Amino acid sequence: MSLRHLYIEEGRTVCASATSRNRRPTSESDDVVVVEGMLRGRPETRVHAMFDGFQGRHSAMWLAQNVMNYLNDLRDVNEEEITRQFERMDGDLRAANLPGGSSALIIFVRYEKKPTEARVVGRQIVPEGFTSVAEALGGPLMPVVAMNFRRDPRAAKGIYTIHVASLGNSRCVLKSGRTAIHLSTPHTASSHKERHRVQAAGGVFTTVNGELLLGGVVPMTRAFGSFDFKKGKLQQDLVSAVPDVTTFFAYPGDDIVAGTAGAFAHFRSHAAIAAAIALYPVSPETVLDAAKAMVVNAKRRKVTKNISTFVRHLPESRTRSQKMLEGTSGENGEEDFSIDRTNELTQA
């Protein structure tokens, strides 16, 4: 419910912006969130990442702790470069020798004052000679349209390109108008594709104390830890660390809402998740309230599996204001710096 204490980490953010590199995380001191990070690369991009770790919170903590040092090595923000760093991160994790176990979600957000066409399916961008996230979950198949933003009115004030890198079950939704849409697909034992990929490589699933586990240990078919299920004695990776990259464009006024599996558990239908996200308000001055709400009523339906939420309202223009607040009742981080108003929240 209502909050009672807060501090102003503000000064910390001011010095960061000025140096061109920063990474603000928020762990509750199993999941760890990096509310917002900045790459030495592009001053126009902001990374937001989530790490839900199984069996420990050690691998997730490691992940969120070194990620910006790896992403800082991308030479361009695209699928293969993203995927390169991922396998590189997994590799070093195995060298960190920690009790394996962690999913991952990295959201890349870039603002383009003057965007130029690209090939699009609905709101998603097709990069190369493809199936939509929408076609994945139900959703009717559909036609790619050559989209020219140059002459698009809604792109009058620029647009926000979004790269979503997901390995696991953390979810990401784009909210726009009175509609909501998934930006990534869960890598669970639910999906028939993943389930089939695993079993077709010689992987066996088994119900263990109430839920499906790969080899009776991994609660995912795709994740960062569990090297006991990656090659090395297996011939193939049963649990993949290959981040499947997704790209979406967004207009000013839309919002990015993301969270760990916990934040989205207990919804009769995956359709009901979008309907519930498309229902909530979440205005610029209520981003945080929104982030916190998500946790609050996520505990009303009952699951205290870990819970982490994140909200970001996309701005019409830049604000030279700056503000970063941390508060408590679960932990809440608010960041209001130059073209983003964001916040995450996590209960115990």
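From 1 onward, residues are counted along the sequence shown.
(request) Between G232 and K233, count the deposited residues left without coordinates and pick a bin: none, 1 to 3, 4 to 9, 10 or more. (result) 1 to 3 residues are missing.
(message) Between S29 and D30, how many residues of the deposited sequence have no coordinates in this entry: none, 1 to 3, 4 to 9, or 10 or more?
(response) Missing in between: 1 to 3 residues.
(request) Using the B-factors recorded in the PDB entry, average over the C-alpha atoms of 176-184 and of 139-147, then report which stretch comes out higher. (result) Going by the record's values, the stretch with the higher mean is 139-147.
(request) Decide which of the stretches 186-194 and 239-247 has the higher mean C-alpha B-factor, going by the entry. (result) Averaging CA B-factors over each stretch, the winner is 186-194.
(request) From the list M61, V287, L39, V34, select the residue with the highest C-alpha B factor recorded in the entry. (result) So the option with the highest C-alpha B-factor is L39.
(message) In terms of recorded Cα temperature factor, pick the maximum from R222, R75, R88, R110.
(response) By C-alpha B-factor in the record, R75 ranks first.
(request) Looking at the entry's B-factor column for C-alpha atoms only, identify whether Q199 ranks in the lowest, middle or highest third of its chain. (result) Answer is middle: the recorded C-alpha B-factor places it there.
(message) Using only modelled residues of the chain, where does the Cα B factor of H163 rank: lowest third, middle third or highest third?
(response) Its C-alpha B-factor belongs to the lowest third of this chain's values.
(request) Would you please rank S226 by its C-alpha temperature factor against the other modelled residues of its chain and give the third it falls in: lowest, middle or highest? (result) Answer is lowest: the recorded C-alpha B-factor places it there.
(request) Pull the Cα B-factor of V296 out of the PDB entry and bin it into the chain's lowest, middle or highest third. (result) For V296, the deposited C-alpha B-factor lands in the highest third.
(message) Sorting by Cα B-factor within the chain, modelled residues only, which third would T116 end up in: lowest, middle or highest?
(response) Highest third - that is where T116 ends up once the chain's C-alpha B-factors are sorted.
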